[PDB]
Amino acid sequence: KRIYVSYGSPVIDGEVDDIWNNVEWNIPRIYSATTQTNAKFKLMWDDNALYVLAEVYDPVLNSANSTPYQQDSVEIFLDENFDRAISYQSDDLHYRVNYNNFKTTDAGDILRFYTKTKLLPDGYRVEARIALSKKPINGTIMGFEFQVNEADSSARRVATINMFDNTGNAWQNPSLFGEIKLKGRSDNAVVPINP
């Protein structure tokens, strides 16, 4: 399905900007297995970037496994041109960041990915910026997926949460991503600053 993303420019610092309170939480509900871990995320776009704010409720954080997706982490997938190919093209992105703000890329230039995290009582927050190469405008559609990897005190992933893909294959197949459609940018956006 489809998330409508409002226009806005947050500060990347792990703190919830006032402007994030004006957009709605998306609740990923595709669980690989039962778990008390849950998550939500918000999206925002500006002329240069897509923005993700994720919060994860997770009472045990573990990142001892050397395999990235076997640590408590969130992953962001983007099909920027909206090709919806069945395998990864040159414009497809798959990024990951753990609760300690350690980032990995499975696809795309990691120089585009800028993140901060914050430890919360019972969980963590990720605030992420992905620099866009195509100029977005109102009505732009991109493919998007969001995933949480939940690891336990055995230092292994025991569960996944997904927004859109229930098949375990977003890492391989962009056509499984959902859609985001960008709206809300003013056309004028001018006039003087009135004090």
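Position 1 is the first residue in the sequence shown; the rest follow in order.
- Modelling of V190 is missing from a third or more of the other compared entries in which both of its neighbours are modelled.
- Taking the PDB entry as given, 133-141 carries the higher mean Cα B factor of the two stretches 133-141 and 154-162.
- Looking at 28-36 and 51-59 together, the entry lists the larger mean B-factor for 28-36, computed on C-alpha atoms.
- Among the modelled residues of its chain, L182 has a C-alpha B-factor that falls in the middle third, as given in the PDB entry.
- The deposited CA B-factor of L111 belongs to the middle third of values across its chain.
- Ranked within its chain, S87 lands in the highest third, by CA B factor from the PDB record.
- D72 sits in the lowest third of its chain by CA B factor, as recorded in the PDB entry.
- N81 sits in the highest third of its chain by CA B factor, as recorded in the PDB entry.
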